[PDB]
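Rule-based calculations on the coordinates, nothing more; no lab input. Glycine gets a Cβ as well: all are built from the backbone with ideal geometry, and neighbour counts include every protein chain shown.
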Amino acid sequence: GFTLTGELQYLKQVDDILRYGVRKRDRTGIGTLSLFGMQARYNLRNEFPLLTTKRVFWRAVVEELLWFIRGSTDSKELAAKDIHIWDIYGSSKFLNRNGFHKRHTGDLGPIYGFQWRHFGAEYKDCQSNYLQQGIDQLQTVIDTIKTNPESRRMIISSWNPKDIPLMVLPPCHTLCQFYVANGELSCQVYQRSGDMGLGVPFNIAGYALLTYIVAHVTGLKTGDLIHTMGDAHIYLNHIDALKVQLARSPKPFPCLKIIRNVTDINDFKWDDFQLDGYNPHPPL
Amino acid sequence: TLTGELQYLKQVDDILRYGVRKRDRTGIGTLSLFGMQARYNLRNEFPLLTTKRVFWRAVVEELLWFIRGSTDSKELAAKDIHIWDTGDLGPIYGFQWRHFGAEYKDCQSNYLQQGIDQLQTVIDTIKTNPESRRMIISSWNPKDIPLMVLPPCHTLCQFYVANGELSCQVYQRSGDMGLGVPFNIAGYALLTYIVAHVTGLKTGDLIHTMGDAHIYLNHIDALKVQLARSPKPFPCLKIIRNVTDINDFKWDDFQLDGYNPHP
Ligand SMILES: O=c1[nH]c(=O)n([C@H]2C[C@H](O)[C@@H](COP(=O)(O)O)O2)cc1/C=C/Br
């Protein structure tokens, strides 16, 4: 291979946004450097693509995925586990200032988890029960992988325009596609908007984890994660930090082991995962 | 740092040299690679492949068929274009582009003001919030998919403005390099030209992303021939009339110059 992969390509990406990126006025008010249309390959064979040049909150990644898997959209459940990444959007101050004054605290609307397990259902609130409503994208993929893995139609999309106005924020990782070859599960994720500073390393971990999880329950080996994105951007108030992180040579990716033989997609716990060798670089 | 049609050709070559044995949905064998991407420049050129003649008139008429939200294949046959061959194809691209989330009945029923007009929405957003990262047209509707004759290959696309130029990245889940992909490239390259013209913007890049990029085992020889050929300079597409309405485009409004494909 003469083309970069893994954390080298990620760093290759932030570098290009730093030299060729375009300054644009962002929704949040603060400016960003932007490039459009990127793609990075992350090998999943015998290693886990958890970025090492700066520490990734691994436990939040795990809990958020299981939070997606159970169809949940109540940020309080994450905060009940000291995972406060969605707390801002669940907070009462945000909900009222953004037209969601009738919704109760934590109600994130029809976010990822809802679209994953019940796409098409009419959303009520994060407390409601929606079982056997909508379309279970996650479970149809698992069924298709077991029945007809040659399929090129194994996709999970969160982009529901009809439900989007109810969402606190449009799905950044809009969809992913699974792919099976040589009894080896692969997964490409399309990310419409990717903040290189915060979200992108967090998402890469999640969809790598998701591929590991699905490949687990389907008896398949993990192939590759392909991280495709649209508006690849770097917030201007992060440039100084990203250039310091840029000089760090990334360490060997860690191992991921599942200590239990989970057969049910909903039956995964935080205590099921073993991460060996994660020795990221010291903070700023 | 590989430009133009050579991007497509290297992709073809890679799936032949590095491609994986994977079975097609119909039973035939294919060579496959998961995850690819190509950047086609739209500045003073149009990425219509030259190493093989592409059905230019169906690219245009199908798009204008998508734009007016038609799911009737008889509408394309009425212009001697039968690439979709009574009539009712189910809630395909046209119904998803203009009426996403509406209740589909048949190809003759009316869906105006029903569902969500993604196409006009991204148009409005370009004139209003060109810095938006949410300008997306998705054709993937798990609800309506079992009623489609064929699931959408081009799942979605995202538009992007920078320095007055309009760029589009399209996600194609499944790419037959032998036939589909070339027709598809020009399909979304043409789309960018249309939305740019309406919005008054320039044309940036078509970013072409693929999932299962594959080659059928019949087409190997016929692609080994095409790869032997030398690429030729891309044509120049000119929108000859000043159209303001996305629905006001006709075949006569397009002038394709300098297209010299191989036999
Ligand atoms: O636009 C296209 N481009 C393409 O390559 N193809 C090709 C891609 C693939 O071989 C086949 C689609 O079958 P599945 O992937 O669903 O099993 O047709 C098809 C289309 C039309 C889609 Br409607």
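At a glance:
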item: Residues whose placed amide H lies under 5 Å from that of A:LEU185, excluding near-sequence neighbours; result: A:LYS221, A:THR222, A:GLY223
item: FRET efficiency estimate (nearest 0.05) - Cβ-Cβ, A:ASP267 to B:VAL225, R0 45 angstrom; result: 0.30
item: Farthest toward positive dipole pole in the protein assembly as shown [+1 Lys/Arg, -1 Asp/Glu at C-beta], among A:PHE48, A:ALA80, A:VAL180; result: A:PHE48
item: Region A:50-110: chymotrypsin sites (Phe, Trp or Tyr not before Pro) in DSSP coil with no more than 15 other Cβ atoms inside 10 Å; result: A:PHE57
item: Residue-by-residue Karplus 3J(HN,Hα) for region B:166-180, coefficients 6.51, -1.76, 1.60, Hz, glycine and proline x; result: 10, 10, 10, 10, 10, 8, 9, 5, 9, x, 6, 5, x, 9, x
item: Principal axis dimensions, largest first and in whole angstrom, of region B:195-263 by Cα; result: 45, 30, 21
item: Average partner coverage of A:18-26, which counts Cβ from other chains inside 10 Å; result: 2
item: Unit charges on C-beta of K, R, D, E only; dipole of region A:137-235, Debye; result: 160
item: Part-to-part distance (alpha-carbon centres) for region A:1-68 and region B:76-101, which is given in Å; result: 38
item: Listed residue (B:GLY200, A:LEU95, A:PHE36) projecting farthest to the positive dipole end of the protein assembly as shown, Cβ model; result: A:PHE36
item: DSSP-assigned coil residues among GluC sites (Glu not before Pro) in region B:95-186, each with at most 12 further Cβ atoms within 10 Å; result: B:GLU103
item: Charge context of B:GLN169, other residues only, Cβ under 15 angstrom, K/R +1, D/E -1; result: +2
item: Cβ-derived FRET efficiency at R0 25 Å, A:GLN127 paired with A:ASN96, nearest 0.05; result: 0.85
item: Net charge over other residues, Cβ less than 13 angstrom from the Cβ of A:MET196 (K, R count +1; D, E count -1); result: -2
item: Normalised convex hull volume, chain B, alpha-carbon set, Å³ per residue; result: 137
item: GNM flexibility winner over chain A from A:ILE204, A:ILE258, A:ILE145 (Cα, springs under 10 Å); result: A:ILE258
item: With eigenvalues of the C-alpha gyration tensor scaled by 5 and rooted, region A:64-136, Å; result: 20, 15, 8
item: Cross-link partners of A:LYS257 among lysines (Cα-Cα below 25 Å; sequence separation of 8 or more within a chain); result: A:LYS54, A:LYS81, A:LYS146, A:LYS221, A:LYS269
item: Among A:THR53, A:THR147, A:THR222, residue whose mean-square fluctuation peaks in a GNM of chain A (springs only between Cα atoms under 10 Å); result: A:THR147
item: Spread of Cα-to-Cα distances over 10 Å intervals beginning at zero, given as percent, for the protein assembly as shown; result: 3, 17, 29, 29, 16, 5, 0
item: Estimated D of region A:1-91 in µm² per second, where Rh is the Kirkwood radius over Cα pairs and Stokes-Einstein applies at 25 °C, 0.890 mPa s; result: 151
item: For chain B, share of DSSP beta bridges that run antiparallel, in % to the nearest 5; result: 75
item: DSSP H segments from chain A that extend 18 Å or more along their own axis, Cα-based, with Kyte-Doolittle mean of 0.5 or above; result: A:199-217
item: Assigned charges on the beta-carbon of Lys, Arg, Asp, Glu; region A:184-284 dipole about Cα centre (debye); result: 240
item: Surrounding net charge for A:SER92, when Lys and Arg each add one and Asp and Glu each subtract one, Cβ distance under 13 Å; result: +3
item: Other protein chain Cβ atoms within 10 Å, averaged over every residue that makes up A:157-166; result: 5
item: Only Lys, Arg (+1) and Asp, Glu (-1) charged, at Cβ; the protein assembly as shown dipole about Cα centre in debye; result: 1000
item: Under-5 Å amide H pairs with B:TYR160, H placed in peptide plane, nonlocal only; result: B:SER167
item: FRET E, pair A:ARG260, B:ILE240, Förster distance 51 Å, beta-carbon r, rounded to 0.05; result: 0.20
item: Among beta bridges that DSSP assigns inside the protein assembly as shown, antiparallel share in %, nearest 5; result: 75
item: Residue mean of other protein chain beta carbons inside 10 Å, B:148-155; result: 2
